[PDB]
Structures are given as C-alpha cells and as structure tokens.
Amino acid sequence: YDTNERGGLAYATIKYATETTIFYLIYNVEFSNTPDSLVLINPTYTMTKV
Amino acid sequence: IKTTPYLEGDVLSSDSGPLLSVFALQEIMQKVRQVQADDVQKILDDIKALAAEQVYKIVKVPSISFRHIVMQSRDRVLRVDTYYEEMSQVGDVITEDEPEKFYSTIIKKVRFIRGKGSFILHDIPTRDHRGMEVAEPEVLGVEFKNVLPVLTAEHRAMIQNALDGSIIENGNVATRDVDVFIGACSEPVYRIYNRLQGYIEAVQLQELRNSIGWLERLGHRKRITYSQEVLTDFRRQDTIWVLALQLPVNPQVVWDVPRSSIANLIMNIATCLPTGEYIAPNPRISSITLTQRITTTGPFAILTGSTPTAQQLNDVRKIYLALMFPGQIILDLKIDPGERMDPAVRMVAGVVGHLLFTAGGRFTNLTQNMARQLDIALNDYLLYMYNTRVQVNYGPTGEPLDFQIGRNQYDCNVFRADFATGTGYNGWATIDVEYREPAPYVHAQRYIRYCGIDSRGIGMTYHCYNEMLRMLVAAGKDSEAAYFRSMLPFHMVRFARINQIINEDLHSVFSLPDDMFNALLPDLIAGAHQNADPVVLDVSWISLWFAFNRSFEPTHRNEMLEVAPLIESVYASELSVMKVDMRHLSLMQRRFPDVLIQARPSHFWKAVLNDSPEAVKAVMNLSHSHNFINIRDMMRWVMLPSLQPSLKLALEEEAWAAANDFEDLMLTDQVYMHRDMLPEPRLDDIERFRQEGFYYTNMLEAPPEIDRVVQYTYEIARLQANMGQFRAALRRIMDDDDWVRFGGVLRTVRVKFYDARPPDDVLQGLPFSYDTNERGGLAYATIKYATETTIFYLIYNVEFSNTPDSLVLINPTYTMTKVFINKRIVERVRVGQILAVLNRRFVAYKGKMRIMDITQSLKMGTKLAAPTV
C-alpha cells in the first residue's frame with residue numbers, strides 16, 4: 001500500500017505481491033541451553049498462510 | 001528519420017520544412033483570400049493561449065472605491081466615488097446614427113463592469129490593539145492621506161478612534177478558517193463580488209468526478225498510457241477548490257453556429273493534426289545511378305527515375321491533407337492555358353488516380369470534373385499502343401472507356417466514374433464507413449476504413465485493385481503490371497497509417513457530425529449547397545504520381561493534443577456568452593423602443609464579435625468571409641436553448657442584471673438647457689466664507705417642475721433646423737425663462753474637475769452642433785442632435801489679497817447646460833461623517849489556507865477514479 005499527492009488532489013496505490021514462500025522449521029536443541037532460552041519476552045507474529 | 005532527397009533547382013536537399021499543422025492553415029487562408037480577391041504563428045499561439053484563461057484574480061487589497069478632495073478648508077470635504085470616474089471613460093462618443101458604436105460601447109461597458117467586479121481576498125493586513133485584532137486602514141476601500149495634515153486634534157482623535165473600531169468580529173477565535181470585516185464598496189461591483197462568492201461556497205465534487213470519468217473514457221480512444229494509480233475522493237482541511245469550467249462539453253453548442261464548417265475544420269486541424277515525414281518505397285535511391293532506375297521504355301519508364309521538385313512536394317502535402325479529411329477537402333486539377341507537358345506524365349497520373357483516390361458510394365475526395373479528366377486520361381493511356389498491339393472493339397456511344405479490349409473481352413465501362421455507386425474508384429464493392437459502439441463524442445460515432453483494412457500488411461487486397469490488374473493484363477500492358485504488383489505492401493501500409501491517423505488522432509468535438517457527413521454527397525450531386533460547404537484545393541498532374549510513391553510517417557504528435565478539452569470548453573463557453581449577450585441586447589431593444597434609435601441583428605452580431613478573444617475573432621472572420629450570413633440565420637441561432645454552463649455565464653448574467661438600469665452605464669437622456677448665472681459671492685470676511693466650503697457646478701440635485709419645461713424630439717429638432725428657425729426658436733424660449741428637455745436619445749456623459757475658471761468651450765458648451773456658414777449648397781444647415789456632454793465641478797480659491805468686491809464683473813456671464821442623473825456621484829460631507837461609508841461586509845481567507853484551480857489539474861485524463869458502482 002502506498003499513497004502520494006500531486007497538485008491539489010490526493011492519490012493512493014495498492015498492489016498484491018505475486019511471489020509467496022512456504023518454509024519449514026526444524027527445531028534443533030542441545031543439552032547446554034536453559035529451558036527459558038527458547039522463550040522470547042514478547043511475541044513474534046507471522047501473517048501469510050498458504 | 002529523414003525524408004528522401006528532393007531537388008531544389010539544381011541541388012539536393014532533405015530538410016523537413018514547415019510543420020504540417022502550419023502548412024495547412026496557410027493553404028486554407030490563401031484559398032479564402034482568393035475568395036475575396038475581387039502570420040500563421042500569430043494565430044496558432046493565440047489559440048494556444050486559451051489553455052491558461054482566467055476570469056478572476058487573487059488580490060491582496062481591494063481597490064479603493066472612494067476618495068476625498070480638499071477645498072482649502074478643514075471643516076468639510078468632497079466625497080467622490082471613483083467607480084463612475086473610471087466608468088465614464090470606458091466607451092467612446094455615442095452618435096445619433098451609428099448603432100454599431102452604440103452597441104459596442106454597451107458591450108464594452110458590461111465587460112468592464114464584469115472584470116472590475118471579480119476579485120478574491122487572500123490575506124489582509126492586520127494589527128493587534130488592546131488585546132483585539134483590528135484590520136489596518138490600508139485594506140479599506142477609502143484613502144484619506146491628504147485629509148490628516150489639516151484636521152485639528154479633536155477630529156484627528158475622533159477619526160483615529162473610528163479607524164481603531166474596525167474590529168474583526170471573529171478574530172479572537174482560535175483555529176479559525178476565514179475572517180470577516182466591515183468595509184466600503186460600490187454596489188455594482190459588490191453585487192458581482194457577492195455572486196462570485198456565492199458560486200464559491202457551492203461544492204461540486206461530483207462534477208469533478210464526472211469530468212475525470214469522461215477524461216478516462218476519452219483516453220480509452222486516444223490510446224493514452226494508463227497510470228497505475230486510481231484516484232481517491234479526499235479533501236484537504238487547508239484547501240478550497242474552485243472549478244470554473246465543466247468538462248463534458250455539449251457538441252450542439254459548438255455545431256449550432258451558422259456557417260461554422262470552415263471554422264470547426266480550422267480549429268480541429270490546428271488542435272489535432274500531427275506533423276509527419278515522407279518516405280520513398282525504396283530508401284537511398286539518390287545514391288544509386290540513374291541507369292539502374294531507368295530500365296525499359298514507355299511512359300512509366302520515363303516517369304520512374306525522375307526526382308520531384310520542391311514545389312511539387314507542397315502539392316503532395318495537399319493531396320495527403322485531403323486524404324485525412326474525406327468530405328471536407330476536395331481536389332481539382334490546375335491547368336494553365338499557356339503551359340504544356342510530356343503526355344506520359346498525364347497518362348501516368350490518369351492511371352494512378354483511380355487507385356489512389358475514392359469517389360462515390362459514401363463520400364468523395366475529388367470533383368466530378370476531375371473524375372472526368374482522369375477517365376479521359378485513362379482512356380488515352382489504354383489506347384496508347386507504344387509496345388504491342390491488341391484488338392479493340394468500340395462501343396456505339398462516344399463516351400470514354402466505352403470499348404472492349406484484349407483477346408479476352410474485358411469491359412472497360414466499369415471504370416467510368418459514377419458517384420451513385422462508385423464503381424471506378426476505391427469505393428467499389430467495399431464498405432468503408434461503419435458503427436461499432438458508442439463514442440466519447442455522441443455527435444460523431446462513425447469509423448473510417450480506407451480499402452476495408454483495420455488495425456485490429458502482406459496478402460491483403462481489394463476488389464478495385466484486382467480489377468485494375470486484370471484489365472492491365474488483358475490490355476497487354478505486361479511491363480507495368482509487375483511494377484504495380486510489387487507495390488502492394490507499401491500502398492497498404494500507407495493506407496493503414498492514414499486510417500490510424502483519421503480514426504485515432506483527429507477525433508474531437510470539431511469533427512463533422514454523422515448526419516452532415518452523410519448529407520454531403522447527395523448535396524454535391526444536387527449542386528445547390530445547404531448547411532455545409534466544402535473547400536477545394538488545387539493540385540497538378542505530376543503530383544498524383546509523386547504522391548503514389550511517397551508515404552507519410554507520423555514522426556511527431558501534435559503538441560496541443562494533450563490540452564484539447566480545455567480549449568474546446570473555453571470556446572463553447574465563449575459562444576454561449578455571446579449568445580446570451582445578444583439575447584440581452586434583443587431584450588433591451590424590446591424594452592425601450594422610444595429612446596433607442598433602431599434595432600438590427602447584424603449590428604448586434606458585429607458588436608458582440610468586436611469584443612472577443614482574438615483567436616475566436618480571426619477564426620469567425622475567416623469562416624464568414626468564406627460564406628455569407630443573413631438575418632434568418634441570426635434569428636434561428638438566437639433562439640436555440642443549448643448552452644454550456646460555466647462561471648463566465650453566471651458572472652455575465654449577474655453583470656447584466658446589475659446593469660439593467662442604464663443610469664449605471666453613465667448614459668443619461670435627462671439633459672436640459674437653461675440660462676443660469678455664474679455666482680460671484682461676497683468677500684466681507686475671508687475666513688467666514690472659507691470655512692463654509694463654497695463650490696458651484698451644473699449638477700441638478702432635483703428634477704425641475706413638470707411645467708415650464710418644453711419636451712423636444714429628434715424629429716421636431718430636425719424640422720426646425722431644416723426651417724432655419726431653430727436658433728431663433730431657442731433664443732426666444734430662453735428669453736422667455738423656460739426650460740427645455742433634449743430627450744429621445746442617450747448621450748455620453750463625462751466628469752471633470754476645475755479650480756480656476758474652466759475653459760470657455762466647456763462652460764459655454766452646447767449639447768448639439770448647428771452650423772449655418774457653408775458654401776456646399778446642400779443639406780442646408782447640418783444638425784447633430786447627440787453630442788458629448790461634460791460634468792464639471794468648480795472649487796473657488798480665495799487669497800488674502802482679494803478685495804471684498806474683487807469678483808464682480810461688469811457684465812453677467814451665463815451658462816447653459818444642466819443635467820439630472822439622480823445619483824450622488826459627488827457629495828459634500830463634513831469631517832465627522834467621513835467614515836460612515838464603511839457599511840459593506842467582506843470575507844477573506846488566511847495564509848494557512850491555499851486556493852488553487854482544479855481546472856489546471858484536469859490537464860489530461862490519466863487517472864481512473866474508483867468503480868462507478
């Protein structure tokens with residue numbers, strides 16, 4: 001989404017991304033790390049689904 | 001891209017030359033000049049200037065409407081309204097027998113008052129005072145700079161308090177948008193200002209939306225690049241929009257003007273026709289040797305290899321110009337009685353013309369005489385046995401091409417011209433005009449397809465060319481048959497380009513409507529033109545052959561193609577304004593038959609056209625020089641209801657309503673004559689006489705009594721002048737102490753000011769002129785009933801060296817002319833009542849607010865604006 005102004009009128013643009021990605025996450029763990037190591041203080045959000 | 005070289009006397013050259021948009025106008029103007037025989041840039045920039053029109057002006061400070069005059073006194077001054085001061089000199093002297101000058105003066109006065117009444121305040125100066133916001137005295141409509149250095153301290157303090165009392169009622173309001181203050185302004189211009197303001201606060205967002213939609217629909221057809229952006233409906237909190245013009249112009253407004261075909265053609269070809277360049281079928285033929293170009297014998301061999309002269313390129317341009325405009329440009333042959341040529345060129349031109357042009361069926365490009373000459377030339381070529389002989393059987397009739405030729409009997413009668421069916425030319429058995437879907441312009445929806453080809457060039461042919469090849473092969477002209485066969489792709493590319501240019505670029509409101517386009521050919525067959533007049537261009541024999549070989553390449557598009565709708569709307573609005581002005585003139589003639597000299601529609605049209613934009617003036621003058629007009633056309637045109645709404649129209653209606661009272665136009669018929677005494681006051685006390693502010697003028701503050709005055713008339717005055725008793729009658733009636741009214745006609749009135757004794761010609765001036773000393777022996781004594789009359793004000797200046805009886809003359813001196821106008825143009829006002837003039841309400845904007853015209857923003861249609869839903 002984008003918007004701009006020329007002259008005395010307001011203008012805006014909308015587009016859809018044509019390339020989408022699907023990823024796979026493999027969680028590797030080792031004896032050293034603490035249980036709280038893999039817990040972030042605040043959430044991380046993901047949007048796209050396919 | 002450059003043209004193939006052409007010969008300039010003895011040297012080759014390849015300069016492009018003048019633009020096709022400029023060459024066309026010169027040719028049309030030359031033909032018109034030939035019509036009345038018994039600079040182009042100056043016009044082109046004049047049309048181009050219509051894209052930056054304004055009918056208003058943003059002003060910092062309103063013009064002062066009142067001013068004060070000092071009469072060597074400190075107790076009272078004169079208040080003068082400068083509106084009438086500027087108004088009295090707008091027009092020229094009005095005579096009793098020149099209606100054209102009268103109506104031109106009226107129109108000029110109306111235009112002047114409209115121009116003066118339109119202004120918008122942007123940001124007024126202001127000054128704070130005791131916590132209150134007060135507008136500075138400069139923004140007010142009165143000036144009193146010279147008043148201050150003479151007033152006493154008391155009156156100075158009083159007027160200072162009066163100035164400090166000009167508080168802005170909403171000034172203390174925070175985050176406000178506009179400010180309002182009381183001021184002084186003349187009523188005629190205040191009315192126009194109020195009307196303009198009232199038009200302003202009316203929001204017209206839907207009008208802009210519709211205009212943008214129509215621009216997109218037009219850009220659909222004009223092949224304009226599509227911007228990725230889509231317009232949004234938004235309003236900035238710090239912007240105020242103004243829209244002087246409405247975009248969807250009605251074509252009836254522009255096509256209802258009588259004898260406007262030439263005008264519309266010129267405007268369209270100026271605003272839309274693009275330039276181009278000419279290319280030979282084989283490039284760089286100037287480099288190859290002549291021997292490789294001339295290979296055989298015959299007329300075509302002689303024709304091939306010759307290079308065209310520079311002059312014939314102009315005729316090729318004329319031929320192409322006629323090609324772009326089917327029914328509006330027609331060709332004819334230039335034959336000089338004392339010239340000659342090699343018959344081969346005539347033979348080749350006759351052969352080529354049948355394939356190159358079209359005639360009959362739907363429209364024609366050439367006159368009947370040209371068709372007959374081309375048929376005769378083709379006949380002569382067909383009976384030219386230059387290389388081989390074939391048998392031929394002649395027909396019973398003596399008409400050309402009435403024979404059968406070749407071993408296989410081919411009938412050549414089909415190639416004779418016939419405008420009913422168009423067998424002999426490109427209109428043979430093919431359809432070229434069609435309708436597909438509604439166009440952006442409702443008046444013109446047709447499509448033009450030369451040779452039946454469309455853009456939505458190898459192998460395509462048409463019936464006429466195939467028949468041409470068949471007859472050429474049957475006649476035994478085998479050599480040129482191959483040459484014609486090899487030329488098809490070039491010919492089809494040229495005609496495809498012509499169709500592209502016609503259908504894509506030359507589309508505008510000035511294009512001819514479909515009905516008149518269909519009516520041209522039957523009109524031409526009938527011979528008596530009606531409601532349409534074509535223009536004929538003249539070409540030479542060799543020009544046909546040289547045009548058959550040279551193509552047209554649109555190197556550049558027209559510069560003004562982007563701004564066509566704006567000038568179209570401006571032209572339509574100007575036409576509507578002229579129509580409304582003429583209707584108002586007709587109403588004025590209706591209301592006052594007893595004081596107006598006469599009525600004439602032709603004079604109305606001439607007067608309204610006299611004051612107009614120069615480009616419109618020139619275009620209309622050319623159009624009406626080509627074809628004449630009559631009273632019936634004017635009567636038909638002044639009654640059509642079609643109009644193009646705009647700010648100009650509303651301002652004109654308000655100005656006409658304000659100027660309905662002709663006394664505001666400084667025209668008065670209440671001119672009187674009476675012998676009066678020039679006063680000479682006593683001077684017993686110089687200061688006592690000084691402080692009362694004595695002055696004298698010929699003004700009458702009240703009308704005289706209904707009796708004791710004799711009413712004169714133009715007919716009575718003329719009869720008395722012819723009797724020779726006019727002077728004696730007036731002398732007797734003035735010795736009788738009676739008044740006289742010189743009514744029956746409007747007279748121009750001027751205003752003058754004097755301090756010393758005015759010139760004798762002014763004080764003793766007469767409202768008429770009567771000359772009796774002549775040796776002509778005819779017309780006897782000439783009388784001019786209507787002449788200029790002058791308003792004069794006298795200020796008596798006295799010095800301490802004057803004796804009490806210094807102004808006493810031995811014999812009395814008299815004055816004659818008196819007049820009543822019923823308006824206080826000049827007032828004697830005490831110093832205490834100077835500031836009472838401030839009674840009008842004014843509204844202004846702020847610096848934070850920005851005002852701009854949306855019309856410049858709709859320069860071109862490139863932005864879509866949400867779904868219509």
# chains A, B, ... in the order shown; residues from 1 in each chain; ligands from 1
>>> closest_atom_pairs(of="chain B", to="chain A", cutoff="8 Å", atoms="only C-alpha atoms", output="JSON lines")
{"residue": "B:228", "atom": "CA", "partner": "A:13", "partner_atom": "CA", "distance": 7.5}
{"residue": "B:229", "atom": "CA", "partner": "A:13", "partner_atom": "CA", "distance": 5.4}
{"residue": "B:230", "atom": "CA", "partner": "A:12", "partner_atom": "CA", "distance": 6.7}
{"residue": "B:231", "atom": "CA", "partner": "A:11", "partner_atom": "CA", "distance": 5.6}
{"residue": "B:232", "atom": "CA", "partner": "A:11", "partner_atom": "CA", "distance": 5.7}
{"residue": "B:233", "atom": "CA", "partner": "A:10", "partner_atom": "CA", "distance": 7.5}
{"residue": "B:234", "atom": "CA", "partner": "A:10", "partner_atom": "CA", "distance": 6.0}
{"residue": "B:235", "atom": "CA", "partner": "A:9", "partner_atom": "CA", "distance": 7.8}
{"residue": "B:239", "atom": "CA", "partner": "A:8", "partner_atom": "CA", "distance": 7.8}
{"residue": "B:852", "atom": "CA", "partner": "A:8", "partner_atom": "CA", "distance": 7.3}
{"residue": "B:854", "atom": "CA", "partner": "A:8", "partner_atom": "CA", "distance": 7.2}
{"residue": "B:857", "atom": "CA", "partner": "A:7", "partner_atom": "CA", "distance": 6.5}
>>> select_by_dssp(residues="segment 425-612 of chain B", states="alpha helix (DSSP H)", output="MDAnalysis selection string")
chainID B and resid 463:474 478:485 488:504 514:526 541:549 564:591 601:610
>>> select_by_dssp(residues="segment 303-417 of chain B", states="strand (DSSP E or B)", output="PyMOL selection string")
chain B and resi 309+329-333+366+392-394+403-405+410-411
>>> atom_distance(atom1="atom CA of residue 366 of chain B", atom2="atom CA of residue 410 of chain B")
26.5 Å
>>> atom_distance(atom1="atom CA of residue 665 of chain B", atom2="atom CA of residue 572 of chain B")
28.1 Å
>>> residues_around(residues="residue 617 of chain B", least_positions_apart="5", cutoff="12 Å", atoms="only C-alpha atoms", output="PDB file with N, CA, C and O atoms, in the first residue's frame")
ATOM      1  N   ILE B  43      -1.646  33.348 -35.103  1.00  0.00           N
ATOM      2  CA  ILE B  43      -2.937  32.737 -34.812  1.00  0.00           C
ATOM      3  C   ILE B  43      -2.777  31.493 -33.946  1.00  0.00           C
ATOM      4  O   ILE B  43      -3.562  31.267 -33.021  1.00  0.00           O
ATOM      5  N   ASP B  46      -2.254  32.206 -30.500  1.00  0.00           N
ATOM      6  CA  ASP B  46      -3.478  32.800 -29.973  1.00  0.00           C
ATOM      7  C   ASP B  46      -4.466  31.732 -29.513  1.00  0.00           C
ATOM      8  O   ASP B  46      -5.058  31.857 -28.434  1.00  0.00           O
ATOM      9  N   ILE B  47      -4.668  30.679 -30.314  1.00  0.00           N
ATOM     10  CA  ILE B  47      -5.463  29.547 -29.820  1.00  0.00           C
ATOM     11  C   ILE B  47      -4.780  28.881 -28.632  1.00  0.00           C
ATOM     12  O   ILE B  47      -5.435  28.526 -27.644  1.00  0.00           O
ATOM     13  N   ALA B 263     -14.674  27.144 -39.823  1.00  0.00           N
ATOM     14  CA  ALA B 263     -14.128  27.453 -38.506  1.00  0.00           C
ATOM     15  C   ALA B 263     -13.806  26.181 -37.732  1.00  0.00           C
ATOM     16  O   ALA B 263     -12.719  26.045 -37.156  1.00  0.00           O
ATOM     17  N   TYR B 571     -13.990  27.548 -25.782  1.00  0.00           N
ATOM     18  CA  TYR B 571     -14.643  28.027 -26.996  1.00  0.00           C
ATOM     19  C   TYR B 571     -16.159  27.910 -26.888  1.00  0.00           C
ATOM     20  O   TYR B 571     -16.894  28.840 -27.256  1.00  0.00           O
ATOM     21  N   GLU B 574     -17.442  30.599 -24.531  1.00  0.00           N
ATOM     22  CA  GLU B 574     -17.438  31.906 -25.180  1.00  0.00           C
ATOM     23  C   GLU B 574     -18.614  32.048 -26.138  1.00  0.00           C
ATOM     24  O   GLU B 574     -19.254  33.107 -26.197  1.00  0.00           O
ATOM     25  N   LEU B 575     -18.916  30.991 -26.897  1.00  0.00           N
ATOM     26  CA  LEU B 575     -20.077  31.040 -27.783  1.00  0.00           C
ATOM     27  C   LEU B 575     -21.366  31.236 -26.995  1.00  0.00           C
ATOM     28  O   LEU B 575     -22.233  32.030 -27.388  1.00  0.00           O
ATOM     29  N   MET B 578     -21.605  34.838 -25.844  1.00  0.00           N
ATOM     30  CA  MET B 578     -22.002  35.721 -26.938  1.00  0.00           C
ATOM     31  C   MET B 578     -23.494  35.604 -27.228  1.00  0.00           C
ATOM     32  O   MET B 578     -24.175  36.616 -27.450  1.00  0.00           O
ATOM     33  N   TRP B 605     -24.613  41.265 -33.945  1.00  0.00           N
ATOM     34  CA  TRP B 605     -23.560  40.272 -34.114  1.00  0.00           C
ATOM     35  C   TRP B 605     -22.195  40.932 -34.260  1.00  0.00           C
ATOM     36  O   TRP B 605     -21.212  40.482 -33.659  1.00  0.00           O
ATOM     37  N   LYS B 606     -22.115  42.004 -35.049  1.00  0.00           N
ATOM     38  CA  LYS B 606     -20.838  42.687 -35.226  1.00  0.00           C
ATOM     39  C   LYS B 606     -20.337  43.270 -33.911  1.00  0.00           C
ATOM     40  O   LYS B 606     -19.150  43.155 -33.584  1.00  0.00           O
ATOM     41  N   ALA B 607     -21.231  43.890 -33.137  1.00  0.00           N
ATOM     42  CA  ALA B 607     -20.826  44.482 -31.869  1.00  0.00           C
ATOM     43  C   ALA B 607     -20.370  43.420 -30.878  1.00  0.00           C
ATOM     44  O   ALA B 607     -19.364  43.604 -30.182  1.00  0.00           O
ATOM     45  N   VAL B 608     -21.093  42.299 -30.796  1.00  0.00           N
ATOM     46  CA  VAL B 608     -20.708  41.272 -29.832  1.00  0.00           C
ATOM     47  C   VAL B 608     -19.418  40.585 -30.262  1.00  0.00           C
ATOM     48  O   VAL B 608     -18.619  40.166 -29.416  1.00  0.00           O
ATOM     49  N   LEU B 609     -19.178  40.463 -31.571  1.00  0.00           N
ATOM     50  CA  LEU B 609     -17.938  39.862 -32.044  1.00  0.00           C
ATOM     51  C   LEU B 609     -16.759  40.821 -31.965  1.00  0.00           C
ATOM     52  O   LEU B 609     -15.609  40.369 -31.968  1.00  0.00           O
ATOM     53  N   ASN B 610     -17.017  42.130 -31.883  1.00  0.00           N
ATOM     54  CA  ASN B 610     -15.924  43.095 -31.818  1.00  0.00           C
ATOM     55  C   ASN B 610     -15.079  42.886 -30.565  1.00  0.00           C
ATOM     56  O   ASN B 610     -13.845  42.914 -30.629  1.00  0.00           O
ATOM     57  N   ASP B 611     -15.721  42.665 -29.423  1.00  0.00           N
ATOM     58  CA  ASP B 611     -15.028  42.443 -28.156  1.00  0.00           C
ATOM     59  C   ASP B 611     -15.086  40.950 -27.850  1.00  0.00           C
ATOM     60  O   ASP B 611     -16.070  40.456 -27.294  1.00  0.00           O
ATOM     61  N   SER B 612     -14.024  40.237 -28.216  1.00  0.00           N
ATOM     62  CA  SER B 612     -13.956  38.791 -28.065  1.00  0.00           C
ATOM     63  C   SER B 612     -12.490  38.384 -28.084  1.00  0.00           C
ATOM     64  O   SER B 612     -11.629  39.186 -28.464  1.00  0.00           O
ATOM     65  N   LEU B 622     -12.660  34.560 -40.747  1.00  0.00           N
ATOM     66  CA  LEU B 622     -12.338  33.717 -41.895  1.00  0.00           C
ATOM     67  C   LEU B 622     -13.550  32.899 -42.331  1.00  0.00           C
ATOM     68  O   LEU B 622     -13.866  32.815 -43.527  1.00  0.00           O
ATOM     69  N   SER B 623     -14.254  32.304 -41.364  1.00  0.00           N
ATOM     70  CA  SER B 623     -15.397  31.459 -41.694  1.00  0.00           C
ATOM     71  C   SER B 623     -16.495  32.255 -42.388  1.00  0.00           C
ATOM     72  O   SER B 623     -17.084  31.788 -43.370  1.00  0.00           O
ATOM     73  N   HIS B 624     -16.783  33.461 -41.899  1.00  0.00           N
ATOM     74  CA  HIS B 624     -17.812  34.293 -42.504  1.00  0.00           C
ATOM     75  C   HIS B 624     -17.325  35.023 -43.748  1.00  0.00           C
ATOM     76  O   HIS B 624     -18.150  35.567 -44.491  1.00  0.00           O
ATOM     77  N   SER B 625     -16.014  35.065 -43.983  1.00  0.00           N
ATOM     78  CA  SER B 625     -15.509  35.550 -45.260  1.00  0.00           C
ATOM     79  C   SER B 625     -15.671  34.496 -46.345  1.00  0.00           C
ATOM     80  O   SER B 625     -15.953  34.831 -47.501  1.00  0.00           O
TER      81      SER B 625
END
>>> residues_around(residues="residue 53 of chain B", least_positions_apart="3", cutoff="9 Å", atoms="only C-alpha atoms", output="ChimeraX atom specification")
/B:49-50,570
>>> residues_around(residues="residue 348 of chain B", least_positions_apart="4", cutoff="9 Å", atoms="only C-alpha atoms", output="count of residues only")
14
>>> closest_residue(among="B:719, B:650, B:280, B:448", to="residue 548 of chain B", atoms="only C-alpha atoms")
B:280
>>> atom_distance(atom1="atom CA of residue 730 of chain B", atom2="atom CA of residue 92 of chain B")
28.6 Å
>>> closest_residue(among="B:649, B:472, B:310, B:751", to="residue 8 of chain B", atoms="only C-alpha atoms")
B:310
>>> closest_residue(among="B:374, B:647, B:781, B:211", to="residue 55 of chain B", atoms="only C-alpha atoms")
B:647
>>> residues_around(residues="segment 529-536 of chain B", least_positions_apart="3", cutoff="9 Å", atoms="only C-alpha atoms", output="PDB file with N, CA and C atoms, in the first residue's frame")
ATOM      1  N   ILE B  28      -5.287  27.097 -46.440  1.00  0.00           N
ATOM      2  CA  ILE B  28      -6.693  27.449 -46.263  1.00  0.00           C
ATOM      3  C   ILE B  28      -6.874  28.961 -46.311  1.00  0.00           C
ATOM      4  N   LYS B  31      -6.577  30.167 -49.908  1.00  0.00           N
ATOM      5  CA  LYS B  31      -7.800  29.915 -50.667  1.00  0.00           C
ATOM      6  C   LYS B  31      -8.891  30.913 -50.296  1.00  0.00           C
ATOM      7  N   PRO B 258     -24.158  29.089 -37.256  1.00  0.00           N
ATOM      8  CA  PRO B 258     -24.275  29.018 -38.715  1.00  0.00           C
ATOM      9  C   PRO B 258     -22.955  29.319 -39.406  1.00  0.00           C
ATOM     10  N   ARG B 259     -22.739  28.639 -40.534  1.00  0.00           N
ATOM     11  CA  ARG B 259     -21.550  28.831 -41.367  1.00  0.00           C
ATOM     12  C   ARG B 259     -20.267  28.657 -40.559  1.00  0.00           C
ATOM     13  N   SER B 260     -20.230  27.611 -39.735  1.00  0.00           N
ATOM     14  CA  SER B 260     -19.084  27.331 -38.881  1.00  0.00           C
ATOM     15  C   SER B 260     -18.293  26.112 -39.336  1.00  0.00           C
ATOM     16  N   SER B 261     -18.556  25.602 -40.542  1.00  0.00           N
ATOM     17  CA  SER B 261     -17.847  24.418 -41.016  1.00  0.00           C
ATOM     18  C   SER B 261     -16.360  24.699 -41.188  1.00  0.00           C
ATOM     19  N   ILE B 262     -16.025  25.804 -41.859  1.00  0.00           N
ATOM     20  CA  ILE B 262     -14.623  26.163 -42.054  1.00  0.00           C
ATOM     21  C   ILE B 262     -13.959  26.456 -40.716  1.00  0.00           C
ATOM     22  N   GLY B 327     -14.526  14.257 -46.472  1.00  0.00           N
ATOM     23  CA  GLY B 327     -15.605  15.032 -47.053  1.00  0.00           C
ATOM     24  C   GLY B 327     -15.443  16.534 -46.964  1.00  0.00           C
ATOM     25  N   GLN B 328     -14.384  16.997 -46.305  1.00  0.00           N
ATOM     26  CA  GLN B 328     -14.184  18.425 -46.107  1.00  0.00           C
ATOM     27  C   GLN B 328     -13.142  19.028 -47.037  1.00  0.00           C
ATOM     28  N   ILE B 329     -12.256  18.216 -47.608  1.00  0.00           N
ATOM     29  CA  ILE B 329     -11.245  18.680 -48.551  1.00  0.00           C
ATOM     30  C   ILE B 329     -11.447  17.938 -49.865  1.00  0.00           C
ATOM     31  N   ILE B 330     -11.508  18.687 -50.964  1.00  0.00           N
ATOM     32  CA  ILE B 330     -11.739  18.124 -52.288  1.00  0.00           C
ATOM     33  C   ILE B 330     -10.657  18.637 -53.228  1.00  0.00           C
ATOM     34  N   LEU B 331     -10.268  17.799 -54.185  1.00  0.00           N
ATOM     35  CA  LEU B 331      -9.191  18.122 -55.108  1.00  0.00           C
ATOM     36  C   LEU B 331      -9.732  18.648 -56.433  1.00  0.00           C
ATOM     37  N   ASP B 332      -8.863  19.355 -57.151  1.00  0.00           N
ATOM     38  CA  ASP B 332      -9.133  19.788 -58.514  1.00  0.00           C
ATOM     39  C   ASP B 332      -7.803  19.957 -59.232  1.00  0.00           C
ATOM     40  N   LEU B 366     -12.791  13.984 -54.724  1.00  0.00           N
ATOM     41  CA  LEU B 366     -12.477  14.757 -55.915  1.00  0.00           C
ATOM     42  C   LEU B 366     -13.766  15.149 -56.624  1.00  0.00           C
ATOM     43  N   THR B 367     -13.715  16.279 -57.324  1.00  0.00           N
ATOM     44  CA  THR B 367     -14.886  16.804 -58.009  1.00  0.00           C
ATOM     45  C   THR B 367     -15.216  15.958 -59.238  1.00  0.00           C
ATOM     46  N   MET B 516     -24.482  15.285 -41.252  1.00  0.00           N
ATOM     47  CA  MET B 516     -23.959  16.175 -42.282  1.00  0.00           C
ATOM     48  C   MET B 516     -22.942  15.457 -43.159  1.00  0.00           C
ATOM     49  N   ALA B 519     -24.925  13.647 -45.595  1.00  0.00           N
ATOM     50  CA  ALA B 519     -25.652  14.560 -46.468  1.00  0.00           C
ATOM     51  C   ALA B 519     -24.762  15.270 -47.480  1.00  0.00           C
ATOM     52  N   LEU B 520     -23.438  15.137 -47.378  1.00  0.00           N
ATOM     53  CA  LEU B 520     -22.548  15.869 -48.276  1.00  0.00           C
ATOM     54  C   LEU B 520     -22.676  15.380 -49.715  1.00  0.00           C
ATOM     55  N   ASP B 523     -25.834  16.286 -51.492  1.00  0.00           N
ATOM     56  CA  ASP B 523     -25.767  17.728 -51.706  1.00  0.00           C
ATOM     57  C   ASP B 523     -24.863  18.063 -52.886  1.00  0.00           C
ATOM     58  N   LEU B 524     -23.712  17.393 -52.981  1.00  0.00           N
ATOM     59  CA  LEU B 524     -22.808  17.634 -54.101  1.00  0.00           C
ATOM     60  C   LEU B 524     -23.445  17.218 -55.421  1.00  0.00           C
ATOM     61  N   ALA B 526     -26.688  17.219 -56.056  1.00  0.00           N
ATOM     62  CA  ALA B 526     -27.715  18.213 -56.356  1.00  0.00           C
ATOM     63  C   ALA B 526     -27.106  19.489 -56.923  1.00  0.00           C
ATOM     64  N   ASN B 627     -18.085  32.108 -46.422  1.00  0.00           N
ATOM     65  CA  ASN B 627     -19.513  32.001 -46.689  1.00  0.00           C
ATOM     66  C   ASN B 627     -20.261  33.100 -45.948  1.00  0.00           C
TER      67      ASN B 627
END
